Amino acid sequence: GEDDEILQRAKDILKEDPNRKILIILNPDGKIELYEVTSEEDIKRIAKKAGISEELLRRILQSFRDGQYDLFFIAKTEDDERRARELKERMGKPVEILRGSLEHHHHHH
């Protein structure tokens with residue numbers, strides 16, 4: 001399936017170019033997208049291509065500046081993170097899980 005081939009290609013990009021970076025987009029339908037990226041200026045293309053929130057986008061740019069992981073997952077909601085956390089187990093390579101949205105928590109009676 002679509003999420004099997006890209007999971008290998010993320011490692012293949014890094015095997016040939018370890019100086020380059022990988023972005024992964026969570027879709028709410030359970031689909032996935034793979035993107036190639038080199039610098040924060042390149043991530044600005046992904047922001048408008050994938051439709052990432054600007055509060056999330058700064059976390060992607062910061063994750064490149066830290067540079068500690070082999071690929072990056074955009075868990076825009078915890079409903080998307082449900083796939084991101086479970087993929088990290090089967091993938092064996094380490095993944096950083098990026099969170100951020102405009103919704104605020106409350107309790108009422």
# chains A, B, ... in the order shown; residues from 1 in each chain; ligands from 1
call {"tool": "select_by_dssp", "arguments": {"residues": "chain A", "states": "helix (DSSP H, G or I)", "output": "number ranges by chain"}}
result
A: 2-16, 40-50, 54-66, 78-91
call {"tool": "write_last_selection", "arguments": {"atoms": "C-alpha atoms", "output": "tab-separated table (two decimals), in the first residue's frame"}}
result
chain	number	residue	atom	x	y	z
A	2	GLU	CA	0.84	3.74	-0.28
A	3	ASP	CA	2.30	4.00	3.29
A	4	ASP	CA	4.65	0.95	2.80
A	5	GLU	CA	6.68	2.33	-0.18
A	6	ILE	CA	7.17	5.90	1.16
A	7	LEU	CA	8.34	4.49	4.54
A	8	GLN	CA	11.29	2.86	2.70
A	9	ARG	CA	11.87	5.93	0.39
A	10	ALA	CA	12.27	8.21	3.45
A	11	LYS	CA	15.28	5.98	4.45
A	12	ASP	CA	16.54	5.79	0.81
A	13	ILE	CA	16.66	9.65	0.52
A	14	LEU	CA	18.70	9.75	3.78
A	15	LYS	CA	21.03	6.86	2.72
A	16	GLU	CA	22.06	8.85	-0.42
A	40	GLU	CA	13.74	26.05	6.57
A	41	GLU	CA	13.32	28.00	3.26
A	42	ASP	CA	12.29	24.67	1.61
A	43	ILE	CA	9.73	23.93	4.43
A	44	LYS	CA	7.83	27.16	3.45
A	45	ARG	CA	6.90	25.32	0.17
A	46	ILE	CA	5.51	22.36	2.18
A	47	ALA	CA	3.49	24.73	4.46
A	48	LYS	CA	1.28	25.90	1.53
A	49	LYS	CA	1.44	22.54	-0.42
A	50	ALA	CA	0.24	20.40	2.56
A	54	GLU	CA	1.56	28.53	11.01
A	55	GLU	CA	1.67	27.58	14.77
A	56	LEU	CA	2.66	24.01	13.74
A	57	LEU	CA	4.98	25.24	10.91
A	58	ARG	CA	7.43	26.97	13.36
A	59	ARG	CA	7.83	23.56	15.17
A	60	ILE	CA	8.91	21.98	11.82
A	61	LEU	CA	11.48	24.81	11.29
A	62	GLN	CA	12.75	24.38	14.92
A	63	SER	CA	13.01	20.56	14.42
A	64	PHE	CA	15.42	21.14	11.47
A	65	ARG	CA	17.56	23.49	13.68
A	66	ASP	CA	17.77	20.79	16.40
A	78	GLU	CA	-4.26	13.84	18.34
A	79	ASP	CA	-6.57	11.96	15.85
A	80	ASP	CA	-3.66	12.22	13.33
A	81	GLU	CA	-1.08	11.38	16.06
A	82	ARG	CA	-2.88	8.00	16.51
A	83	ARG	CA	-1.29	7.02	13.14
A	84	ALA	CA	2.09	8.81	13.76
A	85	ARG	CA	2.72	6.93	17.10
A	86	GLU	CA	1.80	3.49	15.63
A	87	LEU	CA	3.90	4.02	12.44
A	88	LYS	CA	7.01	4.85	14.59
A	89	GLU	CA	6.81	1.30	16.10
A	90	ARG	CA	6.81	-0.55	12.69
A	91	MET	CA	9.32	1.88	11.08
call {"tool": "closest_residue", "arguments": {"among": "A:71, A:25, A:17, A:93", "to": "residue 51 (chain A)", "atoms": "only C-alpha atoms"}}
result
A:25
call {"tool": "atom_distance", "arguments": {"atom1": "CA of residue 99 (chain A)", "atom2": "CA of residue 20 (chain A)"}}
result
22.2 Å
call {"tool": "decode", "arguments": {"residues": "region 52-69 of chain A", "atoms": "N, CA and C atoms", "output": "PDB file, in the first residue's frame"}}
result
ATOM      1  N   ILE A  52      -0.370  23.264   6.220  1.00  0.00           N
ATOM      2  CA  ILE A  52       0.047  23.219   7.630  1.00  0.00           C
ATOM      3  C   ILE A  52      -0.251  24.564   8.322  1.00  0.00           C
ATOM      4  N   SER A  53      -0.781  24.531   9.552  1.00  0.00           N
ATOM      5  CA  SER A  53      -1.026  25.740  10.362  1.00  0.00           C
ATOM      6  C   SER A  53       0.289  26.435  10.724  1.00  0.00           C
ATOM      7  N   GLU A  54       0.324  27.767  10.754  1.00  0.00           N
ATOM      8  CA  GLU A  54       1.564  28.526  11.009  1.00  0.00           C
ATOM      9  C   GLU A  54       2.134  28.287  12.427  1.00  0.00           C
ATOM     10  N   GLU A  55       1.278  27.943  13.397  1.00  0.00           N
ATOM     11  CA  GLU A  55       1.673  27.582  14.772  1.00  0.00           C
ATOM     12  C   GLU A  55       2.389  26.225  14.852  1.00  0.00           C
ATOM     13  N   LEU A  56       1.997  25.296  13.974  1.00  0.00           N
ATOM     14  CA  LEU A  56       2.663  24.011  13.736  1.00  0.00           C
ATOM     15  C   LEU A  56       3.945  24.231  12.914  1.00  0.00           C
ATOM     16  N   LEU A  57       3.883  25.040  11.853  1.00  0.00           N
ATOM     17  CA  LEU A  57       4.984  25.237  10.907  1.00  0.00           C
ATOM     18  C   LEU A  57       6.295  25.631  11.609  1.00  0.00           C
ATOM     19  N   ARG A  58       6.239  26.538  12.596  1.00  0.00           N
ATOM     20  CA  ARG A  58       7.427  26.966  13.359  1.00  0.00           C
ATOM     21  C   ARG A  58       8.095  25.814  14.124  1.00  0.00           C
ATOM     22  N   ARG A  59       7.325  24.797  14.536  1.00  0.00           N
ATOM     23  CA  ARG A  59       7.831  23.560  15.165  1.00  0.00           C
ATOM     24  C   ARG A  59       8.620  22.720  14.160  1.00  0.00           C
ATOM     25  N   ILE A  60       8.167  22.644  12.902  1.00  0.00           N
ATOM     26  CA  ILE A  60       8.911  21.976  11.818  1.00  0.00           C
ATOM     27  C   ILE A  60      10.263  22.680  11.599  1.00  0.00           C
ATOM     28  N   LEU A  61      10.256  24.016  11.473  1.00  0.00           N
ATOM     29  CA  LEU A  61      11.479  24.811  11.290  1.00  0.00           C
ATOM     30  C   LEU A  61      12.458  24.642  12.473  1.00  0.00           C
ATOM     31  N   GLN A  62      11.952  24.637  13.712  1.00  0.00           N
ATOM     32  CA  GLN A  62      12.751  24.384  14.918  1.00  0.00           C
ATOM     33  C   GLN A  62      13.340  22.962  14.930  1.00  0.00           C
ATOM     34  N   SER A  63      12.575  21.963  14.481  1.00  0.00           N
ATOM     35  CA  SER A  63      13.014  20.560  14.422  1.00  0.00           C
ATOM     36  C   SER A  63      14.194  20.354  13.467  1.00  0.00           C
ATOM     37  N   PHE A  64      14.268  21.131  12.380  1.00  0.00           N
ATOM     38  CA  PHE A  64      15.423  21.141  11.471  1.00  0.00           C
ATOM     39  C   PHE A  64      16.670  21.734  12.146  1.00  0.00           C
ATOM     40  N   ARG A  65      16.489  22.796  12.947  1.00  0.00           N
ATOM     41  CA  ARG A  65      17.564  23.491  13.679  1.00  0.00           C
ATOM     42  C   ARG A  65      18.143  22.640  14.811  1.00  0.00           C
ATOM     43  N   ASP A  66      17.326  21.811  15.457  1.00  0.00           N
ATOM     44  CA  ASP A  66      17.770  20.788  16.404  1.00  0.00           C
ATOM     45  C   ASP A  66      18.424  19.589  15.686  1.00  0.00           C
ATOM     46  N   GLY A  67      17.811  19.091  14.604  1.00  0.00           N
ATOM     47  CA  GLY A  67      18.401  18.111  13.681  1.00  0.00           C
ATOM     48  C   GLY A  67      18.658  16.708  14.254  1.00  0.00           C
ATOM     49  N   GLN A  68      17.941  16.305  15.312  1.00  0.00           N
ATOM     50  CA  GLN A  68      18.240  15.081  16.079  1.00  0.00           C
ATOM     51  C   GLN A  68      17.603  13.798  15.501  1.00  0.00           C
ATOM     52  N   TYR A  69      16.591  13.928  14.634  1.00  0.00           N
ATOM     53  CA  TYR A  69      15.801  12.818  14.075  1.00  0.00           C
ATOM     54  C   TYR A  69      15.996  12.618  12.564  1.00  0.00           C
TER      55      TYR A  69
END
